[PDB]
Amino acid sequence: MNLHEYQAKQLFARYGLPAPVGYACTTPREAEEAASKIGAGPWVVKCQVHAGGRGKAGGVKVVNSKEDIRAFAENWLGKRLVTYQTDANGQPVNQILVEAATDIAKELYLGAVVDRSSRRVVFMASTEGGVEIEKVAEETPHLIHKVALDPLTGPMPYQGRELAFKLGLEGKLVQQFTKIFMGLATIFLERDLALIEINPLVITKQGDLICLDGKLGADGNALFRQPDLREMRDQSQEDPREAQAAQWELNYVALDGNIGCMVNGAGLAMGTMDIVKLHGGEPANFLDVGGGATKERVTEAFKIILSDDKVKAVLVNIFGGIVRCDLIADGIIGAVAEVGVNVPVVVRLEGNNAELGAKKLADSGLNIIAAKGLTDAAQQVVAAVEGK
């Protein structure tokens, strides 16, 4: 899960890393009052949404009057911010971070992820701050410096110094940089992060390092042992259906298309989406039923997939699982009636009672085709949305 910039900065502060003085504000009044608490302006005001590119979308402004802070807060609170990193629906702005302006001398990049190829937490730094790290990696790889945290020793100061020197830092900036590396590495390990990105890590004109932005991603598989992070989850930043799906043991990711997919298995879910795409269809979503395809779960699955108005048909692809094919068929039937599924449903069943489950579907009289295998299933759902 992602954290807001302000939450990332609170965490940094907690680890003694530096960030501008700032206040997360939920009302324009709090935002304007932040000004004098911060001090002399100008002040940076920032919409807090998980997505990046807020600057390009107008969600980050440097203003110089309480009146402007308030106007910006009034403009954004409760509104959705669309950036190149959110879908066209953007993300709700429920907090405006108001922080002190920072005198920027230079912008650096410092970040860390779990590198799967080397199977290590890898920190990377670059003098190319303020730019998407991907762009810099593509074009000036030689400008990206990396160190892998050694699982046996924990992060070491020489690694922080290595990056610091490769960035051409010198004097106290080397120690400051090393300290930031050590703290961020420590946060990464202790809070089970999957991602840290300080872009930009700024060298201020006064000669100090400061985290001007912060993007933190937590490993969701570790939240059971990260109670603090657990509470920081902001569900408003995600499609609410994902959380609904999850509390029902379904993994749902909405897509652009119109052919809903309900499959047991992440791999099969993606494969099913791909095969639907291959046969001319446009998958509307990924939905891995994971959990036992019970009547209740399948019903929820439909409710969730169907909450998307664009869905014109639903392809159910179930291979195996803990529920016999005929029970799944009964459940699909119950879901269809009970949810008032008014779209055509194509079903591909494999396992015990595949053909009997198929019969039950065929005999229900509901608009549900039992397909004969994958390809057929794909072709049929594709055909089922023809004209819709």
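All residue numbers refer to positions in the sequence shown, first residue = 1. Just so we're on the same page, rigid core means the largest C-alpha set that superposes within 1.5 Å between forms.
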{"item": "Farther-lying stretch by C-alpha RMS in 6 other deposited structures of this protein, rigid core as reference, of 354-362 and 52-60", "value": "354-362"}
{"item": "Greater root mean square CA deviation, 124-132 compared with 283-291 in 6 other deposited structures of this protein, core aligned", "value": "283-291"}
{"item": "Per the entry, higher mean C-alpha B factor between 176-184 and 67-75", "value": "67-75"}
{"item": "280-288 set against 188-196, stretch whose average Cα temperature factor tops the other in the entry", "value": "280-288"}
{"item": "Options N221, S126, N94, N258 - largest CA temperature factor per the record", "value": "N258"}
{"item": "Highest recorded Cα temperature factor - choice among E132, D115, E162, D234", "value": "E132"}
{"item": "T86 - Cα temperature factor, lowest/middle/highest third of chain", "value": "highest"}
{"item": "Entry-reported Cα temperature factor of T140, expressed as the chain third it lands in", "value": "highest"}
{"item": "Position of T153 among the chain's modelled residues by C-alpha B-factor, lowest, middle or highest third", "value": "lowest"}
{"item": "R29, C-alpha B-factor rank within chain (lowest, middle or highest third)", "value": "lowest"}
{"item": "Modelled-residue ranking by C-alpha temperature factor, third containing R324", "value": "highest"}
